[PDB]
Each structure stands twice: as structure tokens, then as C-alpha cells.
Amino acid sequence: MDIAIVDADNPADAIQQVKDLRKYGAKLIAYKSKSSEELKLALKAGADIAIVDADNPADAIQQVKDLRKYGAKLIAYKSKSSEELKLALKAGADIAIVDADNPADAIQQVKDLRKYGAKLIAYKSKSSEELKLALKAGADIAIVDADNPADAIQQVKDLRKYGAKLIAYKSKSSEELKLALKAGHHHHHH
């Protein structure tokens, strides 16, 4: 199953991309912001996954509680700190996004969070080899980050071939989705 990550460079365009992805037939739509209020707007537009990215951990943990009370179906939390990710999960986050800079640290955090009881661990890399190591370590969601667009296609190909069940990547633009819809085309299941 694919997760489309909204990637527009401003909130108005990001909110429109949610609508375009939903119409195109994306099964899961993820939206990241440092603003709780912006994440509520993305959910109201039809996003499935609200990614908490606020810098201040006190503020970020309160956003999890606010989004849960609000009825967010899936709340993700992005941190370089496995201690912070544990606090986010205790506060009601569904998905811990491992963001640690050093790959050795990031893989140990996957193993730590699995043993802590994390239900859904996500891991991000430009490297197919690193995502396979993370999946083996117990990650549930593989986030493709390949720099240029041709690299991103190969990484998704690599993960499909591997049998990754939850593949996340940056979405096509609204203008691309709208052109496909104008032609009568929709997302096809893989």
C-alpha cells in the first residue's frame, strides 16, 4: 500500500494537493506541518495522517493530544530522539518517525521502539539498502527520500521488489494530478 506525502511549498497549495490526491484515489495521504491548526485544516481537506513536526517538545506533545481529541485517525510524530518518540506514543501518537542523522543510531532506535511496544515505526532514507536494513530491524513504513525524481522512482521499484507493505513517497503536484484526472485517469493499486 502506498502513502502519498503532500509536498507543496505553501499551505494553500498543500491543502489543494490533499483534495487532488483524494480525487485521484490515493489510499493514504500524509501531511506535515509545525502548526496544529494547519494539520486540522489538512485533516478537514481529507488527509489521513497528520505529521507532528513542532520543534518545542512541550508544544509537539500537546499537538498530539489536540489532534487526538479532534479525531485524527493516524497521528505521526517526527523526532531525532527515541525518548521524545516514546513520550509522543504515550500521548496518543500512532506512528513514530525515526529522523536520527546517524544511520547506526537510527537503526538502534528502530529496535528500541519495537521492544518499547511501538505499533508503527517509520524510517526515511535516499538508500534502498538502508530502508531494507530498517525493515529487517522492525520498521513498518519505508519513506523514500531520493534527491532527484528519477532516483525516487528506482527506490519505490526497489521496495516493491523487496515486498515492503507500506511505502511512503512525496506526491506528484496538483497540476500533475489534475491533468491525469482531466484525462479520466486514477491511481491504480500495486
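For every residue, the number given is its place in the sequence shown, counted from 1.
Averaged over their C-alpha atoms, the temperature factors of 101-109 and 85-93 are higher for 101-109. Relative to its counterpart among 66-74 and 27-35, 66-74 has the higher mean temperature factor, C-alpha atoms as listed in the PDB entry. Among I153, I49, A45, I143, the highest C-alpha B-factor recorded in the PDB entry belongs to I153.
Split the chain's modelled residues into thirds by C-alpha temperature factor. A8 is in the middle one. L131: CA B factor lies in the middle third for its chain, per the PDB record.
Per the deposited record, the Cα B-factor of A60 falls in the lowest third when ranked against the other modelled residues of its chain. Per the PDB record, residue ranking by Cα B-factor puts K182 in the highest third of the chain. When the modelled residues of the chain are ordered by their C-alpha B factor, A54 lands in the middle third.
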